[PDB]
Structures are given as C-alpha cells and as structure tokens.
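In: Experimental coordinates follow, after the sequence.
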Amino acid sequence: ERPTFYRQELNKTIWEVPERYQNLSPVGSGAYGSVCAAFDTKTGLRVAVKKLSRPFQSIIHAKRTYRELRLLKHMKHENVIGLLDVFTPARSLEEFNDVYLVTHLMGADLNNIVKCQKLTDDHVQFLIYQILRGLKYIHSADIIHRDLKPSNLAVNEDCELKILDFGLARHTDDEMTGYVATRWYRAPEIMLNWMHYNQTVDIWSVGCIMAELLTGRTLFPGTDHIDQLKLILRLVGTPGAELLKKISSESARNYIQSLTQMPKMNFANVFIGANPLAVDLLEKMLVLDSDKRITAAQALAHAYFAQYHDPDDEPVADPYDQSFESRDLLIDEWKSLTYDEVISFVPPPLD
Ligand SMILES: Fc1ccc(-c2ncn(CC3CC3)c2-c2ccncc2)cc1
C-alpha cells in the first residue's frame, strides 16, 4: 500500500525507514553498505537493515545491486540468508535512489564459535551438516557462493547456521594479498585462476572449515598466493596429467610443472584422533581435481551425518533465472529493474 517512513540521522548517514522498524542502532558500516540493528514491530524479530550506499553510481554497482536483490529475493531455506523485506523512501522511479534490505539479525559468526578451541565431533557434524544442506539448496539453483568462510556463516546460541555474504556481488581485489583469512578458504583453481571454476569450489571451502572446527587451527594459512598453494599441494599432492590437461594458462601448467611432485598425505596422520568418518569425508572434499570433488548432495548422504541426514528434509531451490548476467543494460535500465524488484517484493509469511 505504502507505509509511513520516518527520517533520522545516524552516524552522519540519513536513514529514512518505515515506522515498523524501531530503535535503529548502528552495527557496522562497510564500503558495500551501512548496517543497523533494529526491532521490527511487525514480525517481532530483531533485524539487520542494510542501506546500500550508492547503488547506481555505475553500471557495475547498479548491476551488483540488482544482482544482490534478485539473489536475496530467491533464497528461501532455513540455512541460507533470507530477505524479510526491501524498501525505498522514493514514491516514484524518478526519485528512486536508495535501497534498504532487511533480514534476521544474526548475532555471532562461526569465528566466534571456534575461536576458543576445537569443538566436539558432534558439533562439527551438526554445523557442517547445515552448511551442506543450505549449499545443496544454493547449488540446486545453479548458484556458486564463491566466498564461504567462518565469517560468512552466522551461528546462533543453539548452533543453528545460515549461509550469507554470497560471493556473487563483490570483486575480491587487493584483499586476497598476503597472510589474509579471506584467501585461506579458496580452492586453488580459483585462487590462481587455473581454469573456469564450478560449484565444487564451495565444497573445497567447506572442507577447509570442517578441518578447522576439528583441529581448531586454520588448514592452509598461506602468507601469500604461492605459499598457500604450496601448503595445499603438500597435503593433497601435486597435480597429475589428468588435472594438468584441464588448466588453461600455459603459464600455470608451466609453473605447476616446475614443482617437485608430491604424493597425497595420510589425512589420518594429519587429523590425529578425529572420527574416521570425518577424515574420510575430508579426503572426499579436499580433492585437487574439482571434477572429482564430492557434491553437497552426495556429502549429505555420507555416513558422517547419519544422525542428521534426511533426504526428505533437505530441499532444493526453485529454478533461478540468471540470464540477466549476459544482459547489457545502462545504469538506468538496471535501476528500473531493481525498482521493479523492490516494488514487487512479497514478504515471507509468518504465523
Ligand atoms: F538484508 C541484509 C542482507 C545482508 C546483511 C549483511 N551483510 C553483511 N553482514 C555481516 C556483518 C557486517 C555486518 C550482514 C548481516 C548483519 C547482521 N545480521 C545479519 C546479517 C544485512 C541485511
């Protein structure tokens, strides 16, 4: 219909939001967008309201914005970030210039939870089961997260987990240099752009996380791109001819071929004392050849999640049309598409 908005400045940022959102409290403003915690009188939930800064200041930003709303609008799974609401103070496409997105306020991320030490195998089972369940859903819609890491997994007081911060959007630049956590979870093939990557890059990420939850230590904390690849090949062994034939860059193949060949290590001797089913699963996730990596759907069926696996309660997504990525529009055409999606949004029904 059209709710009543109320203007108000916070941390020198103007927030014009509907009255249903109350007690707006700054909670960290990144370059991507300003964030606020608030209470949503209509759902009863404490929420996170992100105000995108300059959503249409460029064709790429304008397309990123569009991409993010389309993405958040489609995601409907217990283990994936959902869109509770999206809105703009603008009454016309003419003045339409700001985008706000609302979602359940997630308290702590996976870091907080592991930071203190390794957890019980039972908790490792639960947490990883949830990441794979949401990932099965995400992949089913032909989507690739691209940036799975502890800080992008929100965990609640009962160890319930939601996946967020989809890669699809940002363009990891100069942020992957040096001894940085952001890169420690990337599959090698995408890290050194050996080839055009698939969804198993996400499975590689889960394996890195699973190992860290078991040992309480980062698996491949390389000090740079090369040191990290070296840490990965020491564990997984160097590429074989089969894999090498799949790396595009004649330079990457050349480089790889300059490295003394190494055999795969014994994971049992790496993850000492870990449940054998866990080790077996890690060996299936941490495979150099991405074509041979295990899938989310397959992993769920692995005997490591016997206590949680239920094929009937592990949904897939509705088909997700991403043809707009090959679309060539102008800022304004992206803007209007964004606006149509803002205007068309239908809220998730609560009881
Ligand atoms: F609609 C959205 C979508 C994504 C984010 C959102 N984007 C990033 N983060 C993580 C922290 C840095 C804010 C969130 C977030 C913050 C608090 N609670 C849950 C999610 C916020 C609102």
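Out: The structure has been received and is ready for your questions. Numbers count the residues shown, from 1 in each chain.

In: unless I'm mixing things up, residue 28 is touching residue 35, no?
Out: Yes. In this structure residue 28 lies within contact range of residue 35 using Cβ atoms under 8 Å: 5.3 Å. Every C-beta, even on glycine, is put in place using the N, C-alpha and C of the backbone.

In: Looking at the two now, which is surrounded by more residues?
Out: residue 35 (16 against 12; other Cβ atoms under 10 Å).

In: check which helix or strand covers that one.
Out: Assessed by DSSP states H and E, residue 35 sits inside strand 33-40.

In: where does the residue of the stretch 201-350 of the chain at minimum distance from the ligand fall, phi/psi-wise?
Out: Closest to the ligand within the stretch 201-350 of the chain is residue 345: 11.6 Å, counting by Cβ to the nearest ligand atom. Note on residue 345: its backbone torsions stand at phi -40, psi 130 [degrees, to the nearest 10].

In: For it, which non-adjacent residue is closest in space?
Out: Nearest residue to residue 345, sequence neighbours excluded (Cβ to Cβ, 6 or more residues apart in numbering): residue 86, at 5.1 Å.

In: List the contacts of the one you found.
Out: Residues touching residue 86, when contacts are defined by Cβ atoms under 8 Å, 6 or more residues apart in numbering, comprise 69, 72-73, 99-102, 341-342, 345.

In: again, only using 6 Å
Out: 101, 342, 345 (Cβ atoms under 6 Å, 6 or more residues apart in numbering).

In: Scan those and report the most crowded one.
Out: residue 101 (25 neighbours).

In: Around the ligand, which positions in the chain sit nearby?
Out: Within the chain, the positions near the ligand by Cβ under 6 Å from any ligand atom are 28, 30, 35, 48, 50, 101-103, 105-106, 164-165.

In: Kindly recompute the last result at 5 Å.
Out: Counting by Cβ under 5 Å from any ligand atom, the residues of the chain close to the ligand are 28, 35, 48, 50, 101, 103, 105-106.

In: residue ranges of the strands in this protein, please?
Out: 5-6, 9-10, 13-14, 17-18, 21-26, 33-40, 46-52, 85-87, 99-104, 108-109, 153-155, 161-163 (DSSP state E).

In: Note down every partner strand of the fourth one and its orientation.
Out: When you say that, I think you mean strand 17-18. strand 5-6 (antiparallel) (DSSP bridges).

In: same check, this time on the fifth one
Out: Pairing partners of strand 21-26, with direction, according to DSSP bridges: strand 33-40 (antiparallel).

In: First-to-last residue distance for stretch 262-271?
Out: One end of stretch 262-271 to the other measures 19 Å (Cα to Cα, to the nearest Å).

In: Number of residues surrounding the residue lying closest to residue 341 once chain neighbours are set aside?
Out: Of all residues not flanking residue 341 in the chain, residue 69 sits nearest, at 5.1 Å (Cβ to Cβ, 6+ apart). By other Cβ under 10 Å, the residues close to residue 69 number 22.
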